[PDB]
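Here's the structure, in structure tokens; my notes come after.
Rule-based calculations on the coordinates, nothing more; no lab input.
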């Protein structure tokens, strides 16, 4: 009898995070051609923290 | 305008200014104030008209 704002039921059971991490690890393995290595290092360390 | 320190700090962290070593990259911070920006803005346009 009451309205509700329900989630997807593929999010409640955390699976999308696997897609996410796979994409992120790919992005880590890529180079930053235009930029130095230290910036890349900083970014990927910040990604490893999480 | 953007604040000078708020942008310069981003620039500074992007450049990773090592203390010991001498660098050409400190000189890039020379003359970054406003009142020169306005000076150029007032010089260029008047020149293009004249």
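Where the centre of each part is set by its Cα atoms, how far does segment B:30-45 sit from segment A:1-23, in angstrom?
For segment B:30-45 versus segment A:1-23, the Cα centre distance is 52 Å.
Return the Cα extents of chain A along principal axes one, two and three, sorted largest first, each rounded to a whole Å.
Principal extents (Cα only, largest first): 59, 20, 16 Å.
Give me the angle, in degrees from 0 to 90, between the Cα long axis of helix A:16-29 and the longest principal axis of the Cα atoms of chain A, rounded to the nearest 10.
So the inclination is approximately 10 degrees.
Cα atoms only: what Rg and Dmax, in Å, come out for chain B?
Computed over the Cα atoms of chain B, radius of gyration and Dmax are 15.0, 49 Å.
Let a ≥ b ≥ c be the square roots of the eigenvalues of the Cα gyration tensor of the protein assembly as shown; is it rounded (a/c under 1.5), or, if not, prolate (a/b larger than b/c) or oblate?
Taking the square roots of the gyration eigenvalues as a ≥ b ≥ c, the protein assembly as shown is oblate.
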